[PDB]
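Just one chain follows, in the form solved without 2'-deoxycytidine, and it is written as structure tokens.
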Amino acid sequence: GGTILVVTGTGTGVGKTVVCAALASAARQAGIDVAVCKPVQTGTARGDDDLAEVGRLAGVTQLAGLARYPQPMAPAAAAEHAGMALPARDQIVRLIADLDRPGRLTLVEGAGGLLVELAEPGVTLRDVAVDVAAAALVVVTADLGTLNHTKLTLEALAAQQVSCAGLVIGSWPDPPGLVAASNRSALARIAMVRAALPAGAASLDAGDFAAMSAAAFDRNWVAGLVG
């Protein structure tokens, strides 16, 4: 196949979707074919639709979903509230495997953070990453508390031998305060920081988002993801 990369985060609202869009944009500009999938999407009754947002920001057309739940809650709770079931583990894996292809970067966007239940019983994006032999890109904030959450998430990845592809700061303030600057230096001692997306990136138009994305990542790292 190609390269499968799960995109997780330290939590919800940390920048998973905009990072997915930014990496997708950078890879497409490098001539890499990109697919993005969001196997579990909650909050659809609030307008949450991460695949649509990635298409809007990055131009990705190869978008794949599976489960959609109305309430903006954790998947298990949103499914319960809608009277629906979570997907099965093998259904999530099938979605991803159908996309995987030599030369293609397939990004698998999680729901919330790494240990959120996506399938019964207690199957998480970590388990899915093992099934499809994917590394994990971890989206983090620059805010107070990020170092603890990042180290917790990386330890959890290592516990199941899921390689960490690096960190991305989802929103980087301009100018940075003392806490944000300190956190960025400390994050870079824990793992490679692949990018720090400028605050407000999700509000850029298509052309400005593309330029931001190309400058945000190291071109050699993006090109090295897919042979």
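All residue numbers refer to positions in the sequence shown, first residue = 1. Throughout, rigid core stands for the largest set of C-alpha atoms superposing within 1.5 Å between the two forms.
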Superposing the other structures by the rigid core, the farther-displaced stretch by RMS over CA atoms in 9 other deposited structures of this protein, of 120-128 and 103-111, is 120-128
Between 169-177 and 29-37, which has the higher average C-alpha B-factor in the PDB entry?
-> 169-177
Select between 160-168 and 52-60 the stretch whose C-alpha atoms have the higher average B-factor in the entry.
-> 52-60
Would you mind checking where the Cα B-factor of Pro102 ranks among the modelled residues of its chain, as the lowest, middle or highest third?
-> highest
For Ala223, return the chain-relative third of its C-alpha B-factor as stated in the PDB record: lowest, middle or highest.
-> highest
Within this chain's modelled residues, let me know which third the CA B factor of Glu120 belongs to: lowest, middle or highest.
-> highest
CA B-factor ranking of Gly110, expressed as a third of its chain | lowest
Modelled-residue ranking by C-alpha temperature factor, third containing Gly83 = highest
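Note that the form deposited with 2'-deoxycytidine bound isn't included here; everything after this is about it.
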In the deposited complex, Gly200 touching 2'-deoxycytidine (heavy atom, 4.5 Å) | yes
Taking the shortest heavy atom distance, is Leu23 within 4.5 Å of 2'-deoxycytidine in the deposited complex?
-> no
